[PDB]
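Remarks on the structure that follows.
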Ligand SMILES: [Zn+2]
Ligand SMILES: [Zn+2]
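Protein chains in written order, with the entry's author numbering: chain E, 192 to 245; chain R, 0 to 31; chain X, 0 to 667, 675 to 1046; chain P, 246 to 298; chain F, 460 to 512; chain D, 834 to 886; chain Y, 513 to 565.
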């Protein structure tokens, strides 16, 4: 139980990742949206680094 | 160039939320 | 009348087991008194502590029925006093129902455990998370414990509190497996512990309900068996009542009407084997695996005491030796049970080690040590290899296994692939040469199975070879580091003998199953025998080859140390009499080097304890071996005075000159010239012209002897790359395809002063810096040679990174040549299909060769075991940017098993050879991977090969392990072409006889083996001719 | 070559079925319609053909 | 597969023979019935009468 | 490939040849030079013999 | 094809699919040795054209 400051960009990025990942799971394997979302998620995940939040 | 495995990317992303991106939403500064 | 809903009956039955029938199996009758004595330190052997208690020197404090007792990596002794009374439990079993307070969703074998020792000192059983009953009084009068005058007894539980290494989130960094801190971190809470009586009919009814319910779930909705089973379950569930237990017989009979129908005569005849894989050191130290194996043996013996028609298996004779040394009674009981034929010791290897990384000499040492131990301690000879958990299998294994006497092979980890599925589950694995060995896979794809019916039919469904085999193996028993078979699975096996709708399964032995497979797929197909040629390559992990580089470096160093010291000891023994062979200390260095080569130690995945004890043992062994070599050398000099003296005493198995192979040449015309022109440094040694760029990179390595340029003009040699790897499953073991995409090319370096060595060599120093990494790299161009040497000192301090160095060469081909233990292997460079992509990281041994019709280029390694080869087609003109790139993996930074991995200074060395002939590559690799000694006397080579026709090579020279003084030589071929040679000894080995023997060193040979001699009888050892088939292995014994 | 081939195929044609199947009973039946697409003078011919067959 | 009462009956009827106005049993089906007396993987079928069923 | 390992490798059991087929190892090679045929097949042989003959 | 070049060459920047070797059809395979006279004559006239040219 401690005083904390809130980060907005990190929360927005987390929510976007959650939305994309949840949309990928339920789609079929015969839809270009599935592959496009998977490729976008792979591209995005290779840039985010927790050692520097910029 | 390597092939794409969406079922592996899903698990990687799930781990990313579980361990990496969730703790970085609130930054502590003191105690009460 | 109402309709039937099977999906509702299933949930009703599930609730019935969860709430109603489970608690009515054990009926409590009294309570026992507990006292505790704690120890937060290194455990005392149980033999001494029980004797001390018997005499009486240790106090005991009262312990309440509830409460906490645990301590991080600590031990405790619970003295337990009961008050069981006879004359009222006649004919009924009595148990203990010990509950240390295990967690639910953690795992069966990764928590606090403990044996229940008798007052005298013997062991009764162990308290496991899934097996927590101790047999006190059997139904038929017999009592394991000794009862006193007025009905009371006492036992001693040796509780060990092992904290769970894994943290809150999966694969999280935890500072638990570092030391034995005496603080409350994960304290266990004790639970109910009382004397209970066992009910048999209730347990049988529960097991029948479980079998029926599990069979209903997996069946389809279009099978009358499904509806019949659902109706039978509904009928049976309406009769059983928990308010009065006399209704059980009236309900079992109703349910048994559909439990006696024979199955269809087309199912797979499974054979069930009890197996419990105790890992020697993964998450616990080497001092805890002894306790774990003792618990496993005690549990297996206790279960087998009451239940006939049971089988079990146990490999890793290391554990057999530990059990014999520390538990005479357990070993005696195990040996007594072996005579009956229900405790089959399977697996002739000394310990379940890795395959890809260890050298072939280590493999043969394990095989011979384990076979000798089994032969002369247990009087049983194994027939096959038993390796149910390993990462990748070398192609040389079939040949060694067949020449060692084994005749079948069993593995299961290949099914853990990521992209492709193995074509067969029972086939003939063909070695690199010609050697075919029968291989079988467990269809269930698990060595630790709970014998669930779902798994039972999954094994049948996943069987690819369903058309000509009709036979499969199934290993059952909570394992993966602790456990062993329980009553539940041994009841399921008996219930499922010939149950309709499920595959038929019975007890048996591995030999019977393998004979059945041989009859089915060899002697009956008559031309339809499945065959798999090449090597078994696991498609998972792949990051283990370059994790904890210190372990692999030390292992290579001590392997070379053993080779040199054994040669020196053999020379000392054969030169002058009175020199006792250091057999004892040699076998002490062995069985410890070989122990440290475990499948969860050598690749590196464990807590800091294992990776620290391994380092300390490596250093101690190296020092002791150097001392032994110095003593043997001093002994040799006493045979006759004033022979010679050699500085640095470099000994190499192979050399460019055939007569200089096992020479004693020391370790230390055209001096190298440097032409500092422009923004580059140009060297000239008369055969190579290397142009080092501004910042520690090579842009040209022109071969002046052939006017050939082998550096593509799209990239620069020697560049260091820092790939970011963040694995999500099996962090230390595995590296994913995430790397090789987010590559980071280091571009912060500057050359240093170029130095001309006093001997004549030329060296260029350079420093490279990164976020938390610094590298001091020296490039050496030795005069009068054709190899460019690279040495590096790294100060790794980063987290979650991966260091690589690339050595591109313009030679273009399709397949790259790595080397296996005793041969070579071809692997594709340009990955075409899906399955070809998964082989993006493979193990390498001391060199990688890329060859075309005439020209070949090699990258000879010193201490790294991983690399990757990829084609390069960059942007250039006139086709100047086409070639191949071989990136050597230096080291990674795993975080889960060890919070700090590879911190400090690391030393790397390698070289590049142009015009790479096989003999030249072998000679230079031998030069690089050779120990540097001090001052030992110079002696002539013991055995030489003068009429070489091909590429023969001396691999090992030693003495006879039987004490006869016989000389032993081990030879192999390392190119692929046939070889013919003549062996010559020196002086004292005149009028001798040389005979071909197997790898076991005994003089018995098979028939299908090619053989190397001319007749087979004793041939004089002067001008003896040896013939080689592609990648042959030959062992020769020479008398006095 | 027919006898040498029937025996090889008959090895998997004599295994008893699982003791859970439905015991079907087969009845020969030819439904003859009195008058659908033909006059009442043709159903006599049709039933005669059926009985003769 | 289409039998709803599969839990308490274990009995079914099957009429064979070309019908819908013309036909009657031929040699092919009366051979199939004999071949499928107790064939594994298929339901058991035998000759009989409606009264017995 | 000569020894077909996987499913896809088996399908390449007959391939076109032009005027020769060469099987080579480190040093020694043997060739079957053709004149007018455009098809062949290569398969390993491990027969029943002694001393690996 | 310009669209494909833009999509998979100038945009992937290192993710371009590549297939090395030869495209081998896994069907037919009997055409290589059918009507041998045609292939024999074709080889003969190819040599004839070479020499005559
Ligand atoms: Zn293991
Ligand atoms: Zn009608």
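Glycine residues also receive a C-beta, built at the ideal position from the N, C-alpha and C atoms.
Given 6 Å as the limit, tell me if residue i has its C-beta closer than that to any heavy atom belonging to ligand 1.
i: residue 353 (chain X); result: no
i: residue 388 (chain X); result: yes
Determine which residues share a DSSP beta bridge with residue i and list them.
i: residue 196 (chain E); result: R:26
i: residue 385 (chain X); result: X:409
i: residue 826 (chain X); result: X:829
i: residue 965 (chain X); result: X:973
i: residue 695 (chain X); result: X:708
i: residue 849 (chain D); result: D:872
i: residue 483 (chain X); result: X:477
i: residue 757 (chain X); result: X:772
i: residue 66 (chain X); result: X:189
i: residue 723 (chain X); result: X:704
Count the other CB atoms, across all protein chains shown, that sit within 10 Å of the CB of residue i; report buried if there are 16 or more and exposed otherwise.
i: residue 278 (chain X); result: buried
i: residue 996 (chain X); result: exposed
i: residue 245 (chain E); result: exposed
i: residue 4 (chain X); result: exposed
i: residue 219 (chain X); result: exposed
i: residue 480 (chain X); result: buried
i: residue 489 (chain X); result: buried
i: residue 994 (chain X); result: exposed
i: residue 412 (chain X); result: buried
i: residue 725 (chain X); result: buried
i: residue 943 (chain X); result: buried
i: residue 676 (chain X); result: exposed
Could you check whether residue j and residue i sit closer than 7 Å to each other, using their CB atoms as the reference points?
i: residue 547 (chain X); j: residue 478 (chain X); result: no
i: residue 160 (chain X); j: residue 116 (chain X); result: no
i: residue 647 (chain X); j: residue 666 (chain X); result: yes
i: residue 872 (chain D); j: residue 545 (chain Y); result: yes
i: residue 17 (chain R); j: residue 168 (chain X); result: yes
i: residue 269 (chain X); j: residue 504 (chain X); result: yes
i: residue 905 (chain X); j: residue 890 (chain X); result: no
i: residue 851 (chain X); j: residue 832 (chain X); result: no
i: residue 734 (chain X); j: residue 10 (chain R); result: yes
i: residue 28 (chain X); j: residue 62 (chain X); result: no
i: residue 668 (chain X); j: residue 557 (chain X); result: Residues lacking coordinates in chain X include everything strictly between 667 and 675, among them residue 668 (chain X).
i: residue 708 (chain X); j: residue 695 (chain X); result: yes
Chain-ordered residues, beta carbon under 6 Å from a heavy atom of ligand 2: P:276 and P:278
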